[PDB]
Structures are given as structure tokens and as C-alpha cells.
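Next up: just one chain, as C-alpha cells, the form deposited in one PDB entry.
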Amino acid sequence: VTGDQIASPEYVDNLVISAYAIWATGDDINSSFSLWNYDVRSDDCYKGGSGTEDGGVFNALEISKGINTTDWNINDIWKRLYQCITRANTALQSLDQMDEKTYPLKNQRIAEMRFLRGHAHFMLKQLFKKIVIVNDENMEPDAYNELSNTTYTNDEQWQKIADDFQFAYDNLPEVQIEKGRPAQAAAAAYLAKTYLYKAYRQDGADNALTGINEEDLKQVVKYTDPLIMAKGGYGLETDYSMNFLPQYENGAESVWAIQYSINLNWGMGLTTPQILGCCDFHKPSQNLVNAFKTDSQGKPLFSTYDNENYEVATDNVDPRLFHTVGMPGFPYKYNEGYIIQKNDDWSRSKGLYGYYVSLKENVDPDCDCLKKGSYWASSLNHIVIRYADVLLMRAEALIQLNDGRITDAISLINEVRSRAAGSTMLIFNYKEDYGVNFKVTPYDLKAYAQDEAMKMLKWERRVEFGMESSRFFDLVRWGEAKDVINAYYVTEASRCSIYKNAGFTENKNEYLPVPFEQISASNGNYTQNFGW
């Protein structure tokens, strides 16, 4: 009955499109949904910019000192991520009322919105730990006003996120024509990722690891099953570099990505190098550059890598370095017209934060995909889930299960590591032209003890996902952020003097404080993180 329809298809589809759109337009230069601004806490990178006071709140995060519950940036990322949840919930409110006879893709669209809701809650959970679960799109103002971030235990909060991805897995198609819409495999991947983070229990009052749960790990293994992934045709790109190039978007490795177009990615506006005039943020560390060094057999220098800086002429190196970090003497993003130098064209801080450039989010300066507004921004997609992460999540789970499948996990690591060894498509002249000694070899498929296998796993993550803003979150997952980050502060202070007085406090700095503005507005319903 035409005049009795509260919501037409067009209007509901517009709500759905709006719920996607906020992922491209809802963030900003100091609050990117990549969360790069927060991964300055890791051993992968430095804040950059003009100096320590250019984003003082982010300097404080970088060194773990002088962070406040009231900091503007902390409240802002909370609010921006909750705005994404609000839009997904608005769409669901209308979708729930639709008649499938009128709107045949009702259930699939519901699944899309639940997936987006899960994406936002997952990132909030990584950042803040103790979060509000806003999963009732039909909630009245009174119920809405009594929401709390301790209604659910830590483990239950992870379960609630998983529940959204589970629905999504159960209801999404295997293949999407419109690639920004998640497919079944993307829900499976994110469900697995949720269970992986859930498995490393923090079931006590503080942020310490209390156990590693096997049932959660079995869910990771279940939802990374290559038979599931095959239904969507997902797999490694032929060459690693293709993950980060405009003409290779939506490939087999792009399990799920945010779609930009010439809607540019303004949230990366600060991370362009100084050669474009601004802003030199998000700078690879010397520690990360050194982590690409390899031994005479093509393996990581597990205990010695960081003792001397990478030296092109003499050292074996992983090709992934040259897709991750732009270094002095080399082309910027594969463009021989822009050779990086140790000078003020390649530093906004006279060298304080060094001369490395993060390549992954940057494009060829001649790209038609690159525009200048207030800042320079491109249409390069942001991949939330790369297939390499599926394989390495699977390996991690298998290694933690330690139930006779560590050799299977090594085989998985080797699919990623072998791919890196061959990844010279746009850098194949670097031996002849620059003296680069490429050497990466897969591991022998023999019996490894669990701790050795886990070391190999962590190391493969390090070189696979440098500068992709999950390194800090991994260290917290693993319960070792204080030790790894404090050791990095000690070693990196001789290279970047911003770390002189750095120091991480365990059972405090594993997460951001819940923002005070939020606590205050909740009238006692929100609880602060341990140690804050």
C-alpha cells in the first residue's frame, strides 16, 4: 500500500550509503580512521611534523608521558567512531521495518550495517578497552541515556562485537559487485580477528594477560579457513606493492577496504613528505628500517638487527623495506624524479624526526589521484583487512593452540614470506643501480618449539605490516607493550632525541583513558580504565 510506506527503497538505500560514507568523510587529519595518529606509540614510527609541540597531545602519546583523560584528541576519536555507529544504527532502524517483498536485499543490507557497526566497535575496543556496546538500533532515549561501558565484562564486550560479524558472515553474499560492500569472507576475516583479540584474555581488573583461551583460538582457525576465503577468491597479491598503488585497487588481497575517489582520504593529509610543502607526519623509525635486515640465510636478525643501522652496501634486506619506507638516496614512491635526501626538502623539523617517509599511504606525486586542498590527499583505498593478515592470524592461532599444527602455521608464514621474496616489480633495478642486496627465504618445515614459532610469527607481522597502524595493538594483545616499548625508548633515544624522557607505565598505557568529557556526561555510568 503506497501511502502506508514509512520508508521507500531509495530512502533506505540512501541511509545505507550514508553509513558507508562516514567512513570516508567522518575522520580528519588528527583523527584518521586508519588510527595512524595513535600508532605513533609503536616502535614503527615517530609523530613527525615541525617538532614535539606540533600536535603536543600526540607527542605525549608517543612517549607515554603527559597524556590526560581530558585530551581533545582522545575525546574526538571516541566521538567520531561513535558517529559511525550512530549512522549504521539509523540505517538498521529503517531496514528492520522493511518488507522483503518490497526490499528483497533487506537481510544482506542489515548484514552490511552490522558489519560496519562491528568495525567501529572493534576499533573503539582496541583504543579504549572499556567501551559502550550500542547494538540496539531501536533503543529509546531513556535506555540510551543509561548506557554504560561496564554492562559487559571485557570478554563479553569482545563477544558482542563478534556477534555482529557472525550475523554478517551468516547473511552476506560470497561476492559483491560493489567492492566497498563487505563479502562473506570479509565478515569471516573480521570475526576471526575479533576472536584473536578476545583470546588473549584480560579477565582481571587491570590490563595484564590472564590466559589464552583455546575456544576463542579455535574460532580464529574456523573463520580463516581457506575454503571460506576461496568462495570470494581472496589471496595474496602477486607482488606486495600492489596493495598500495592506485591502479591495483580492489585486488584479491583487498578483503575489505574503504573506497575513496576524486571523497579523498583527507585523514592522511599530514603524512605527505615535506617535498610537497607539508606536513612530514607519520615517520618510519630507524628501528623499523633495521627490522627489514636479514641474515646470510635470508632470515630476520632476531636478536641483533637493531645493533647497527641498515647499510645498503653490505647488508642483506627484505624487499618489503622498499615498499614501506622511503629512504635517503632512493626514489620516493618509485618516481626517480624525486630522490629522497637528508635535507629540509625531506624534513619539517630540521632532521629531529629523521628523513624517512611512509610510502604505503602516499602516492606518486605525479598521480592524477593526488589533489591539493588545505592538505594533499589521494583516492588510494585504505585496506582494513589484507589477505596476508588472514594468513598470519591463522598462523598465530595455530601456534597458540600448540596442538600439532605448528608446522602448518610455518607453512602459512612462508606463503607471506615467499611472496615478499619475489616482490621486486617496481624495484628490480635496485641491485644494479643502488647495490641493494635482496634476500628473504622461507623457513624450513621442521619441528619448532612454540616460543620459537611465535617469534617467527611476530617477526613476519613486523615486516609485513610496518606503518599500517596495528603494531602497537599487537603488542598490547600479546601483553608485552610495556617491555617492548620501554626497550624501544632506550634504544631509539640515541637516534631521535624526543624519546629522552619517555616511559610506559604497565597497567595504564596499554589503552587510552576513557575520555573525561564522556565520563562526566554519563553521570556515573561510565568507568575509567585501570591506572587512569
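The first residue of the sequence shown is number 1, and the count goes up from there. Under this definition, the rigid core comprises the largest set of C-alpha atoms superposing within 1.5 Å between the forms. Only residues modelled in both forms are compared.
Coordinates are lacking for 4 to 9 deposited residues between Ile262 and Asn263. Look at the mean CA B-factor for 238-246 and for 200-208 in the entry; the higher one is 200-208.
Per-stretch averaging of Cα B factors for 100-108 and 315-323 places 100-108 on top. Note on the listed residues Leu116, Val175, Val416, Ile74: the highest Cα temperature factor in the record is that of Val175. In the PDB entry, the Cα temperature factor peaks, among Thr151, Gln286, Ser358, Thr194, at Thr151.
In the PDB entry, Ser18 places in the middle third of its chain by CA B-factor. In the PDB entry, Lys455 places in the middle third of its chain by CA B-factor.
For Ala91, the recorded CA temperature factor ranks within the middle third of the chain's modelled residues.
Placement of the Cα temperature factor of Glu214 within the chain: middle third of the modelled residues, per the deposited record. Remark: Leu512 belongs to the lowest third of its chain, ranked by C-alpha B-factor as recorded.
Below: the form deposited in another entry, not depicted.
Of the residues listed here (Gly337, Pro141, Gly373, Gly404), only one shifts its CA by 2 angstroms or more between the shown form and the other one after fitting on the rigid core, and it is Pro141.
Superposition of the core reveals a Cα shift of 2 Å or more for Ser8 between the shown form and the other one. Against the superposed rigid core, the consecutive-residue runs (3 or more long) showing CA movement of at least 2 Å between the shown form and the other one span 1-10, 140-144.
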